[PDB]
Structure formats: C-alpha cells, structure tokens
2 protein chains.
Amino acid sequence: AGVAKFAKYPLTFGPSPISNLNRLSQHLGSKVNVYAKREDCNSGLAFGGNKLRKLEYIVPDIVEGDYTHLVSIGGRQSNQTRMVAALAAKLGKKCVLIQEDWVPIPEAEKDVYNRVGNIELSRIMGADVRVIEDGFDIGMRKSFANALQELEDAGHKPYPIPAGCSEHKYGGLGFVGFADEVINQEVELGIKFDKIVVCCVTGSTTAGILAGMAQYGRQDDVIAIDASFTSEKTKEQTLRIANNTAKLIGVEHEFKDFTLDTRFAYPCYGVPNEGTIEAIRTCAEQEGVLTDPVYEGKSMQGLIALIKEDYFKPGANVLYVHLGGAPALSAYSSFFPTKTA
Amino acid sequence: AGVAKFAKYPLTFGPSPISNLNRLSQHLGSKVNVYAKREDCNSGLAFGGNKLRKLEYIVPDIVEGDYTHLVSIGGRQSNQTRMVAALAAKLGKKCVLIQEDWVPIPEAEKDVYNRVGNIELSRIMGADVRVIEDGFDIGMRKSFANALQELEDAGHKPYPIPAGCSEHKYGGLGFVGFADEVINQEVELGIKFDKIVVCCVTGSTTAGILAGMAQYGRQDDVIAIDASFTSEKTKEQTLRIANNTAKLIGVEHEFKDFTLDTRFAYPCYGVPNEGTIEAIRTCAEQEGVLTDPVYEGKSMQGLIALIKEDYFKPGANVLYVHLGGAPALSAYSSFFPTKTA
Ligand SMILES: *Cc1c(COP(=O)(O)O)cnc(C)c1O
Ligand SMILES: *Cc1c(COP(=O)(O)O)cnc(C)c1O
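Parameters at a glance
- Residues numbered from 1 in each chain as written, not as in the entry; some residues may be left out.
- Chains lettered and ligands numbered in written order.
- Heavy atoms only, no water.
- UniProt positions renumbered as here; feature names shortened; annotations may be inferred.
- Buried < 20%, exposed > 50% of the residue type's maximum accessible area, 1.4 Å probe, protein only.
- Contact = heavy atoms within 4.5 Å.
- Polar contact = N/O pair within 3.5 Å; in protein donor to acceptor, adjacent residues only side chain to side chain.
- Least-squares fit on C-alpha atoms.
- Near = heavy atom within 4 Å.
- Areas by Shrake-Rupley, 256 points an atom, 1.4 Å probe, with all protein chains shown as cover.
- Pairing = 2+ DSSP bridges.
- Helix = DSSP H or I, 4+ residues; strand = E, 2+ residues; numbered from the N terminus.
- Axes fitted to C-alpha atoms, helices over the stretch in contact; angles between N-to-C directions.
- Buried area = accessible area lost by both parts, 1.4 Å probe.
- Salt bridge = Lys/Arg side-chain N within 4 Å of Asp/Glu carboxyl O.
- Nonpolar A, V, L, I, M, F, W, Y, C, P; charged D, E, K, R; others polar.

A word on the UniProt feature "active site" in chain A. Residues and elements named next belong to chain A. The sites that carry the UniProt feature "active site" are, in the present numbering, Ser78. The buried category is assigned to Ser78, whose relative accessible area is 6%. Ignoring anything within four residues of it in the chain, the contact list for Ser78 reads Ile73, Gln99 and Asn118. Looking at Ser78, its side chain comes within polar contact range of the main-chain nitrogen of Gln80, at 3.5 Å.

Before going further, it helps to spend a moment on the relation of the copies chain A and chain B. Relative to chain B, chain A is turned by 180° and slid 0.3 Å along the rotation axis, the superposed coordinates differing by an RMSD of 0.4 Å. The superposition operator between the copies reduces to a two-fold rotation axis. Comparing interface residues between copies, 92% of those in chain A also lie at the interface in chain B; the contact surface is shared.

Residue and element names in this part refer to chain B. Taken together, 16 residues lie around ligand 2, and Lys51, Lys54, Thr202, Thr205 and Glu296 are the ones closest in. One nitrogen or oxygen atom from the side chain of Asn50 is found 3.4 Å from an oxygen atom belonging to ligand 2. Within the backbone of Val201, a nitrogen or oxygen atom sits 3.0 Å from an oxygen atom of ligand 2. In isolation ligand 2 offers 400 Å² of accessible surface; the protein chains occlude 98% of this area.

All right, on to the sheet that holds strand 6 (residues 158-161) of chain B then. Residues and elements named next belong to chain B. Taken in spatial order, the four strands line up as 5-4-3-6 in an open sheet, and their pairing is parallel. A single partner strand is all that each edge strand has here, and the edge strands are strand 5 (128-131) and strand 6. Averaged over all adjacent pairs, the angle separating strand axes in this sheet is 20°, with direction ignored. Strand contacts of helix 4 (residues 79-91): strand 3 (69-75), strand 4 (94-100) and strand 6, with the helix running at about 175° to strand 4, the strand carrying the most contacts. Contacts from helix 5 (residues 117-124) reach strand 4 and strand 5, with the element oriented near 145° to strand 5.

Below, the discussion takes up the interface of chain A and chain B. Taken residue by residue, the interface counts 50 residues in chain A and 46 residues in chain B. Overall, the association of chain A and chain B removes approximately 3,700 Å² of surface from exposure, summing both partners, and the carbon and sulfur fraction of that is 61%. Considering only the side of chain A, the residues that lose the most area to chain B are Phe47, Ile124 and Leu290 of chain A, jointly responsible for 16% of the buried surface there. Between the two partners, chain A and chain B, sit one salt bridge. Of the charged contacts, one joins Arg115 of chain B and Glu109 of chain A as a salt bridge, the two residues approaching to 2.9 Å between their closest N and O atoms. The interface formed by chain A and chain B includes 15 residue pairs in polar contact. Of all the secondary structure elements, the ones that give two or more residues to the side of chain A that touches chain B are helix 4 (79-91), helix 5 (118-124), strand 5 (128-131) and helix 10 (274-287) of chain A. For the side of chain A that touches chain B, a count of residues per class yields 27 nonpolar, 11 polar and 12 charged.

The following block contains the structure:
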C-alpha cells in the first residue's frame with residue numbers, strides 16, 4: 001500500500017473540498033446526511049474535474065520524456081479532451097483531440113451540440129480538434145492509433161492518453177490518492193463516510209477509489225452508478241483497472257466484483273432520461289450545485305433513488321463524488337424549460 | 001480597518017488561491033511576474049465568482065429578518081443573477097431575476113445567447129427568470145423597482161439585490177476583506193504585490209479593494225480595466241461606493257479619483273474586440289486558464305497591453321484578479337473557431 005512511491009505533478013489547488021449538502025438532505029427525508037467531495041472545484045485549469053486528479057500521476061512521464069503532442073479522445077462534449085487541452089497548454093505542448101460521435105445528437109440540439117460546451121473550450125485553448133463520427137466505446141478505438149501513427153510519421157513525438165485516462169498504466173493512481181485524502185478529511189472534519197457514491201463509464205475513477213479504499217479494507221464502501229448503459233464492458237474494464245492498480249500500489253486484495261447499480265444508464269450514453277433531469281433540478285434547486293445530463297446527473301438521481309428506498313442505514317453519512325462535467329450543460333439546454341414560475 | 005465588525009455568512013471555500021502564471025509571464029517577454037487571485041474558483045455554488053464574495057456580507061441581513069424572495073438584475077448572460085439563484089436556492093428562498101437586454105446579441109449568437117450559458121443555469125436552479133427588453137445601465141433599474149412592488153403586492157417579502165450588489169449598502173465590504181487576504185497572502189508568499197489589475201463595470205469589486213488597500217495606505221496600487229464602455233458613470237459609481245464603504249470600516253482617506261484604463265471596453269459592454277479574442281486565446285494557450293469575452297477577457301487584454309508598453313517596473317509582481325465569468329463563454333462560440341495547425 002503506497003501511491004507515494006509514484007511521481008506526481010501538481011495540477012490542483014490541493015485536497016478537493018467537501019460540501020455539506022445539508023439542505024438537500026432534509027428535502028429528501030432527512031434519512032441520510034449527504035456530503036459532496038468537490039472534484040469539480042479541482043483547479044484553475046479550465047474549470048477542473050476528476051480527470052485532473054488522474055493526470056497528476058501521468059504528467060511526470062510526459063515531462064521526463066521528449067514529447068511534443070498530447071493526443072486523447074472522447075465523445076463530442078468530452079470532459080477529458082477539454083482537460084487534456086488545458087494540460088497541454090500548461091506544459092507548453094501541442095494538443096490533438098479526436099471527438100467521436102458517441103451520443104445520438106438530440107435533434108433540438110443538433111446545431112449546438114458540436115459547437116458549444118466543452119468542445120468550444122478545447123478550441124479556445126488551441127487544440128487540434130477533429131470531429132469524427134465513429135461509434136461509442138470505452139475501450140481502445142481505431143482512430144486514436146491512426147492519429148498517433150500520423151503525427152509520428154510526421155516526425156512528431158505524440159503521447160497517448162486513452163478515453164478518460166482509464167486504460168493508461170497510471171490511470172488508476174490519482175483516485176488511489178483520492179482514497180488517502182478522504183481518510184484524512186474524515187479526521188479533520190470529524191465525520192465518517194459509510195458509503196461513497198460515484199458515476200462510472202470508463203473505469204479509473206471507480207477502480208482507483210476501490211483499490212485505494214482497499215488499503216483500509218473499505219472497498220465495500222464504494223457504490224458505482226453506471227452511466228454508459230453498457231454494464232457489460234464497464235464492469236469488466238473497471239474491475240481490470242482495479243486489479244492492475246492494486247498491484248501497483250502494493251494491495252494484495254483481488255477484486256472480483258463491485259457495486260455497479262445499472263438502473264439509471266438508459267436510454268444510453270449522453271442521453272438523459274426523465275429521472276436524470278429531475279435529479280439535476282432537485283440538486284440545483286436545493287443546493288445550488290449543478291450536475292450534467294451525461295454523468296453526474298445520472299449518478300445524482302441514483303443517489304436519490306437509493307435514498308428514497310432506505311438503502312442506507314438511518315443517519316448514514318454518504319459521500320457523493322462530484323466529478324464535475326457541468327460545462328457540457330449548455331449542449332443540453334433544450335431539456336430544462338424555465339420553471340413554471 | 002474594521003470589516004470585522006460586520007457579520008459574514010460563509011459562501012466560499014475560504015481565502016481565494018493565487019495561481020502563478022509564470023508561463024504567460026515568460027510569453028510576455030519576462031517583463032513582470034504575473035499572479036492571478038482566483039475568485040473564479042472560490043465556491044461550489046455553481047462556478048462561484050466575485051459576486052459571491054460580495055454576497056457574504058449581505059446574507060446575514062437577509063436571514064435575520066423575514067424575506068421570501070431574493071431579487072437581483074443584470075444582462076442576459078449575467079453572472080450576478082446566476083449567483084443570486086444559487087444563493088437563494090441554498091438559503092431556501094425564492095428567486096426572481098430580471099434579465100435586461102444589455103448587449104447587442106451577435107447575429108451568429110441570436111439563437112443561443114438566451115438559451116445557453118448563465119441564463120440556463122439560473123433556470124435549472126429554478127429561479128423566476130424574466131427576459132426584459134430594457135437597455136444597459138449600471139444604475140437602479142425601473143424593471144427592478146417594479147418587481148419589488150409586484151411581489152410585495154402579492155403579499156410576499158422580497159429582498160433587493162441591485163446589479164452586481166454594487167449599490168447595496170454593504171456591497172463594498174466584500175472586497176475590503178479581499179484587501180486583507182492580499183496582505184496576509186503576501187506574507188505567506190514572502191513577496192509583495194506592486195500592482196493589482198481588476199475588471200470593473202458596476203463598481204463594488206474595485207471599490208472594496210480601494211477602501212481596503214487604503215487601510216494600509218496602498219490605494220494607488222489598484223488598477224481597474226473598464227469593460228462597460230461608459231467610463232464616466234462606471235468611474236462615478238465606483239468612486240461613490242468606495243467612499244461610503246471607507247466610512248463604514250473607519251478609513252478616513254477620501255477617494256476623489258482612481259486608475260481606470262478604458263482602452264479596451266470598445267466597442268461596447270458585452271462585445272469583445274479582436275484584441276479580447278486574442279487575449280482570451282493567449283491566456284488559454286499559455287496557462288489553460290479561461291477568461292470571458294465580456295469582462296475578464298478585456299481585463300486580460302489590457303493586462304497584456306500594459307505589460308508590452310512597459311507600464312510596470314521590471315520584475316514587478318502584478319496580481320491580476322480573475323473574477324470568473326467563464327460560464328457565459330458558451331454564448332460566444334462563433335468568435336472562437338478551431339485554430340489551424
Ligand atoms: C469523465 C467523467 C466521469 C467518468 O469517469 P470514469 O473514471 O471514466 O468512470 C464521470 N463524471 C464526470 C463529470 C466526468 O467528467
Ligand atoms: C460582476 C463581474 C465583474 C464586475 O464587478 P464590479 O464590482 O461590478 O466592477 C467583473 N467580472 C466578472 C466576471 C463579473 O461577474
């Protein structure tokens with residue numbers, strides 16, 4: 001057990017704060033005391049987000065080697081690519097982004113879904129944005145490899161950074177350190193978290209939290225809420241990340257399965273459902289905390305669905321993980337009509 | 001010297017962090033050392049910002065008596081209105097927001113300027129968003145006074161929060177604390193800031209820094225960048241707010257004038273110029289830090305312009321203030337096209 005033996009490059013202000021969503025708690029029945037560890041309030045690098053914690057353990061490599069281009073990938077409103085662009089800017093490197101079509105671009109948004117939001121930010125930061133229309137997949141894509149081959153054949157030295165970092169060698173280390181962090185904040189705040197709720201589609205964030213919590217034998221505190229509607233590969237990939245990461249940090253524990261509620265992924269990746277939107281609104285109306293229609297919105301409804309059904313013990317302290325991703329909210333404007341008054 | 005006598009309700013994580021923009025500073029010929037105090041990363045209340053800091057000294061008054069509605073006013077992509085919603089949602093009060101027509105909505109941005117960005121956020125937080133046609137003015141608005149009367153007629157108890165909280169009785173207290181944070185942070189940093197750059201439209205931000213920095217006899221360290229294009233009143237109100245506040249905290253010194261660079265407001269409030277777009281792109285390409293076409297993109301272009309002309313002593317430590325506004329960026333995608341490689 002030790003993430004400390006790995007090189008880390010600072011890209012955040014330090015330990016992400018924890019918000020006490022006490023008002024939302026009461027509203028939901030006062031059954032559980034909901035808390036939120038603000039990863040969305042990460043750093044000053046283009047709004048921040050969980051993906052920034054992941055990159056901290058990857059940057060040292062980039063810097064140590066002689067690289068000129070940082071290439072990543074993801075869907076249109078990809079949070080990843082947007083943070084890879086901000087990072088590339090900070091390191092003074094070139095940036096290439098492969099924006100594939102992973103979400104059935106809603107009609108009433110087909111004219112902005114590819115111009116406004118996160119994709120706009122990658123542009124403003126000077127990244128070679130490329131709009132391809134390949135299928136959705138949380139695994140290695142055959143457009144990422146070609147981009148690499150291209151820049152290489154061009155005489156450039158590209159740095160591969162897979163979807164959400166997840167499948168990167170050190171993709172699970174950032175959230176191992178997340179675990180060490182919650183453990184300390186529990187003592188500083190004086191509150192123990194009985195459970196941890198976090199969204200999941202490509203893996204690393206969940207896997208990292210599992211392998212990292214294992215350090216204190218608490219992997220079972222984790223509660224993942226699928227948002228990829230493909231629990232199939234999402235659980236198997238998250239599980240494989242959890243193992244390869246546990247090995248890296250000295251954890252013996254072999255992960256064979258984890259809590260992966262799949263009741264709110266539908267209708268698919270990127271497309272909210274009537275429940276998602278209501279969750280976002282309730283969270284926002286009650287706390288002033290925004291959540292997106294793709295990730296955190298679906299994990300927030302799951303958090304509310306669970307609370308409704310007395311899934312947690314009476315008076316439980318549950319740590320909701322806000323991974324950010326709000327900036328893509330402007331590409332789903334059509335789903336939030338003005339509140340009747 | 002007495003901002004402590006007044007009550008304060010916590011709305012931010014704590015004293016804002018100061019980023020060291022060394023890469024940008026090198027880009028601008030290593031003329032000075034640019035630092036940026038991050039008000040744009042000060043809270044979890046939907047992106048937070050400078051207005052939230054102002055509000056901390058106003059919330060106590062609110063909760064004390066009995067008000068049911070918080071009312072404020074600003075343009076379509078207003079930041080203040082959006083932060084008032086979050087404040088209201090959190091305080092569990094209702095929200096009525098007047099969204100005047102303060103900006104000539106670009107032709108390309110006509111089908112979005114009112115459905116995306118800040119406005120969308122206020123709607124998700126269930127605020128009563130009222131899109132009005134009145135024009136730009138940093139002074140008390142008719143639509144405002146009408147709202148107070150309307151709601152008050154319906155048997156409600158609205159709380160009046162003018163534009164940017166600037167004209168509020170305590171709208172200046174906020175940044176008088178910013179001055180305190182600055183001096184303390186110079187100590188913890190082991191360096192002294194020679195000058196402070198900060199955007200200025202409705203007044204209270206700059207006004208509070210002036211009365212605060214004056215506690216130590218350092219008002220002349222303040223350098224405001226106007227983005228209203230109506231210097232005359234912007235300088236008139238800012239100067240009045242700064243004078244009232246000064247008396248509240250006990251500062252005798254009377255402000256008769258202050259540094260207000262107006263070279264970058266052109267062509268008008270809410271609209272960037274090729275220079276702004278250039279600054280936003282420079283800061284983003286160098287630090288991965290995002291600024292807005294309306295306010296900060298101008299404070300930033302001015303900063304760059306001032307450095308070039310050798311306005312500061314060589315090696316000076318210049319504290320730029322990032323007040324936020326980046327969320328409104330989605331309403332200007334037309335201006336930022338994919339850069340060529
Ligand atoms: C990228 C992202 C996720 C998914 O993280 P995984 O580690 O890939 O499960 C969830 N929420 C937000 C806001 C994200 O940006
Ligand atoms: C409100 C605001 C300002 C202006 O503040 P004043 O105190 O009115 O000068 C500047 N920048 C941003 C991003 C703002 O939201």
